[PDB]
Structure formats: structure tokens, C-alpha cells
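Chains as they are written, first to last, in the deposited numbering: chain B, 40 to 59, 71 to 122; chain A, 2 to 274.
We treat Cβ as the ideally placed atom computed from N, Cα and C, and that holds for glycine.
These notes are about the structure you will find just below.
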Ligand SMILES: [O-][O-]
Ligand SMILES: [Cu+2]
Ligand SMILES: [Cu+2]
Ligand SMILES: [Cu+2]
Ligand SMILES: [Cu+2]
């Protein structure tokens, strides 16, 4: 069972998530994310810090980016 | 052929190491190491094929990866070897490792930009090319995302584990490998990446020279574990889907198996084990 989709503006950036297994986007640019065996998630810009959900991972990326555009 | 504790390096060894690293960067050879690691960090999954991370091959893989980098460094200056960072001993932002004559310190608050050392962006000698976060300067936030680095006591508890790895051979696994990697337990290796922050916390972590010293120590811990448990060895040892078995060849090389990298003395030794 894949997680639900989401769409919101977090810290001035538009973040979206949707089942594909799951894709995330920050201002339209796709962010690589991954699901762990225990159900937690991690993204390419926070790959050693598991968070509970895809949205938590997207918010973590926006946090890390500090306003910077994401690169494909 | 002797990997030394970064804390024990002479001003000369430090100078030569930095110069060799900067030359690999200038010649364009360095960036390709960063690309390779990210590619594997993005494709290694708990559900499918995993070679470089969250699997038993996490150790022999990074062992060979570091061997490649060290060999590249030696092609520039044959006297240089990869030093290691014992983060359980040298645990403060004031460790000699973070001085301007070696790796430089932490980033400034505003954007986490490292402002000193040979790898600061302002030197024009360390451009961040292979990246996801569009910014092109080295960034760090020592102890910003996590309060403390692992302690000796904690490392000791992980080294005590007799089982190399345990099914399902992934991030949910119990056993030495997964505890050293950090997905389960007190968390060793993963927590360190988080402590440094900046690019070190991402898939393109090799962008930070400290990546090599960090993994050189993780590599040593595997050596120390084998000493503690001589009766214990690499697993799985036969036909396990999506996981690299002992005598199975490893990507991206394909000409090497975990079995060929178990004994490190065939390539180097440590100042002390
Ligand atoms: O593991 O980087
Ligand atoms: Cu890695
Ligand atoms: Cu992917
Ligand atoms: Cu445990
Ligand atoms: Cu690592």
C-alpha cells in the first residue's frame, strides 16, 4: 500500500508527492526519495536521516536547500 | 601502504594529502568518484538489488571504493595514503582535523558555507560540480542536525555482535553490518554523515574530503570486528537474490567479490589495530 499523494507550500516552496513507487517534486523538479524496510523514508539530500513519511522527506529537502533550486 | 589516524599526521603528510586531493579535483578525476557513489546510493533498495549500501556488501563495497580513490591519489603522489577519522575519540568541532591547515571547519550559519581550509569555495580550488542542491560551494554544519558523534562505548557494543549480517540482509537487519551502518541501534556510520551535514549528509557525500577519512575508519572497525570474532565471517554464502553473496562479483567493477576484500592486509595495514 503506497502512501497518499500530497500538495502544499512549505517554506515558500511548492512540494508535491504522488504514487508512481513514489515520486516527490520541489517546485516542479523531481527529488529522488526512497522507502526503508521499516516504513520510514529518505531523500537524496538527506540520505542518512530516516523520516516517517514522503512529505517529511520533502520538507527535509526544502529545509536542506535553504531556498536553493533543486537540480534534476 | 599504511593508513594512519588523521590526528597523527605530520604537517608534511597533511600538506601532501591535500595537494593530491586538489589535483584529482583539478584534473577532473575526483568528480567521477562522487557520481559513482550517488548512482549506487540511489539504486540500492531494501526491496530489490542492493550492492553498495543497506546490504551485507556495504563494507567490501566501500572498501574497494576507497582502494580506487587511494590508488588514484597515489598516481599523483605515491607517498600519500588514506588517513582515518576516529570520530569516537576526536569528537569536537575543535579536533585538529577541522583546522585550516587540513580540512577546514564548520559552515557559517546563513548558508552553511565553509569559510576556511583548502576546500573553502573562496579558494577557487574546490568547485561542487556533481550535485543535487544547486549551490556550488562546500557546506557543513558540524553537530547541527544531531547533537553527538558515537562514543567508544557505543562502538564497543557494535563490535561485540558476532553475526556479520542477518536475513533479510537490509536496513531492517540485526547483526554487526547493519548496526555499524547505523540503520538499527545506537547508529554509528549514518549518524556521522548527519553530524557533519552539508554535502556529507547527501548522496553526493564524497564531495567532502572528510567522506574518505570517515569511511576509512568504518573500514577499520570492520577489521577490528574480524579480530574480535575470528570464528565469524561474511554472509550470505550462497544464492541470495538481490544480495551480493561471498563469492559473487560486485558492481561496478565486476572483477572483484566480497571474498577478495575480506583480508585488508593484501592492500594495506593500519598504524594500529
Ligand atoms: O555511505 O556513504
Ligand atoms: Cu556510501
Ligand atoms: Cu530511483
Ligand atoms: Cu540492535
Ligand atoms: Cu557513508
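Mind checking whether the beta-carbon of residue i lies closer than 7 Å to any heavy atom of ligand 4?
| i | result |
| --- | --- |
| residue 155 of chain A | no |
| residue 175 of chain A | yes |
| residue 186 of chain A | yes |
Can you tell me the Cα-Cα spacing of residue i and residue j, whole angstroms?
| i | j | result |
| --- | --- | --- |
| residue 136 of chain A | residue 26 of chain A | 18 Å |
| residue 25 of chain B | residue 74 of chain B | No answer is possible for residue 25 of chain B: it lies beyond the span of chain B, which begins at 40 and ends at 122. |
| residue 48 of chain B | residue 105 of chain B | 11 Å |
| residue 80 of chain B | residue 236 of chain A | 36 Å |
| residue 3 of chain A | residue 114 of chain A | 33 Å |
| residue 118 of chain B | residue 214 of chain A | 28 Å |
| residue 100 of chain B | residue 56 of chain A | 16 Å |
| residue 88 of chain A | residue 153 of chain A | 9 Å |
| residue 111 of chain B | residue 128 of chain A | 22 Å |
| residue 100 of chain A | residue 185 of chain A | 32 Å |
| residue 71 of chain A | residue 113 of chain B | 34 Å |
| residue 36 of chain A | residue 68 of chain A | 16 Å |
| residue 104 of chain A | residue 119 of chain A | 7 Å |
| residue 232 of chain A | residue 264 of chain A | 14 Å |
| residue 158 of chain A | residue 41 of chain B | 36 Å |
| residue 199 of chain A | residue 138 of chain A | 10 Å |
| residue 16 of chain A | residue 224 of chain A | 28 Å |
| residue 126 of chain A | residue 23 of chain A | 7 Å |
| residue 86 of chain B | residue 92 of chain B | 8 Å |
Looking at residue j and residue i, is the spacing between their C-beta atoms short of 8 Å?
| i | j | result |
| --- | --- | --- |
| residue 221 of chain A | residue 177 of chain A | no |
| residue 102 of chain A | residue 12 of chain A | yes |
| residue 95 of chain B | residue 134 of chain A | yes |
| residue 189 of chain A | residue 155 of chain A | yes |
| residue 274 of chain A | residue 258 of chain A | no |
| residue 49 of chain A | residue 243 of chain A | yes |
| residue 43 of chain A | residue 82 of chain B | yes |
| residue 39 of chain A | residue 147 of chain A | no |
| residue 83 of chain A | residue 217 of chain A | yes |
| residue 195 of chain A | residue 211 of chain A | no |
| residue 47 of chain A | residue 172 of chain A | yes |
| residue 229 of chain A | residue 181 of chain A | no |
| residue 29 of chain A | residue 41 of chain A | no |
| residue 21 of chain A | residue 78 of chain A | yes |
| residue 77 of chain B | residue 120 of chain B | yes |
| residue 44 of chain B | residue 56 of chain B | yes |
Run the proximity test for residue i: is its beta-carbon closer than 7 Å to any non-hydrogen atom belonging to ligand 3?
| i | result |
| --- | --- |
| residue 54 of chain A | no |
Tell me whether residue i counts as near ligand 1, meaning its Cβ is closer than 7 Å to at least one heavy atom of that ligand.
| i | result |
| --- | --- |
| residue 79 of chain A | no |
Measuring only from the beta carbon, is residue i closer than 7 Å to any heavy atom that is part of ligand 6?
| i | result |
| --- | --- |
| residue 206 of chain A | For the structure depicted, ligand 6 is absent and the ligand set comprises only ligand 1, ligand 2, ligand 3, ligand 4 and ligand 5. |
Counting only Cβ pairs nearer than 9 Å, list the residues of chain B close to residue i.
| i | result |
| --- | --- |
| residue 194 of chain A | 97, 98, 99 |
| residue 53 of chain A | Chain B residues near residue 53 of chain A: none, gap ~12 Å exceeds 9 Å. |
| residue 202 of chain A | 95, 96, 97, 98, 99, 114 |
With respect to the alpha helix (DSSP H) encompassing residue i, which residues constitute its N-terminal and C-terminal limits?
| i | result |
| --- | --- |
| residue 57 of chain B | Where residue 57 of chain B is concerned, there is no enclosing alpha helix (DSSP H), although the beta strand (DSSP E) it sits in stretches over 52-58. |
| residue 259 of chain A | 259-262 |
| residue 44 of chain A | 32-44 |
| residue 114 of chain B | 104-115 |
| residue 61 of chain A | 59-75 |
| residue 158 of chain A | 153-161 |
| residue 18 of chain A | 12-27 |
| residue 194 of chain A | 190-197 |
| residue 218 of chain A | 211-229 |
| residue 249 of chain A | Residue 249 of chain A -> no alpha helix (DSSP H), and no H or E assigned at all. |
| residue 177 of chain A | 177-182 |
Any heavy atom of ligand 2 inside 7 Å of the beta-carbon of residue i?
| i | result |
| --- | --- |
| residue 42 of chain A | yes |
| residue 139 of chain B | Because chain B in this structure spans residues 40 to 122, residue 139 of chain B falls outside the shown range and cannot be described. |
| residue 63 of chain A | yes |
| residue 38 of chain A | yes |
Closer than 7 Å by beta-carbon distance: list the chain B residues that pair up with residue i, in chain order.
| i | result |
| --- | --- |
| residue 191 of chain A | 98 |
| residue 141 of chain A | Chain B residues near residue 141 of chain A: none, gap ~13 Å exceeds 7 Å. |
| residue 43 of chain A | 82, 94 |
When every heavy atom of ligand 5 is checked, does at least one fall within less than 7 Å of the C-beta of residue i?
| i | result |
| --- | --- |
| residue 190 of chain A | yes |
| residue 230 of chain A | no |
| residue 180 of chain A | no |
| residue 265 of chain A | no |
Can you give me the start and stop residues for the beta strand (DSSP E) that residue i sits inside?
| i | result |
| --- | --- |
| residue 80 of chain B | 79-81 |
| residue 97 of chain B | 96-101 |
| residue 49 of chain B | 45-49 |
| residue 120 of chain A | Per DSSP, residue 120 of chain A belongs to no beta strand (DSSP E) and is neither H nor E. |
| residue 75 of chain B | 72-76 |
| residue 37 of chain B | The structure shown does not extend to residue 37 of chain B, since chain B spans only 40 to 122, so no value can be given for it. |
For a contact defined as C-beta to C-beta under 9 Å, what are the partners of residue i on chain A?
| i | result |
| --- | --- |
| residue 118 of chain B | 112, 134, 135, 136 |
| residue 88 of chain B | 47, 172, 173, 184, 185 |
Strictly below 8 Å CB to CB, what residues from chain A border residue i?
| i | result |
| --- | --- |
| residue 59 of chain B | Simply none; closest approach about 14 Å. |
Give me the chain B residues within the contact set of residue i, using Cβ-Cβ distance strictly less than 8 Å, ordered along the chain.
| i | result |
| --- | --- |
| residue 146 of chain A | 99 |
Going along chain A, which residues have a C-beta under 7 Å from residue i?
| i | result |
| --- | --- |
| residue 114 of chain B | 134 |
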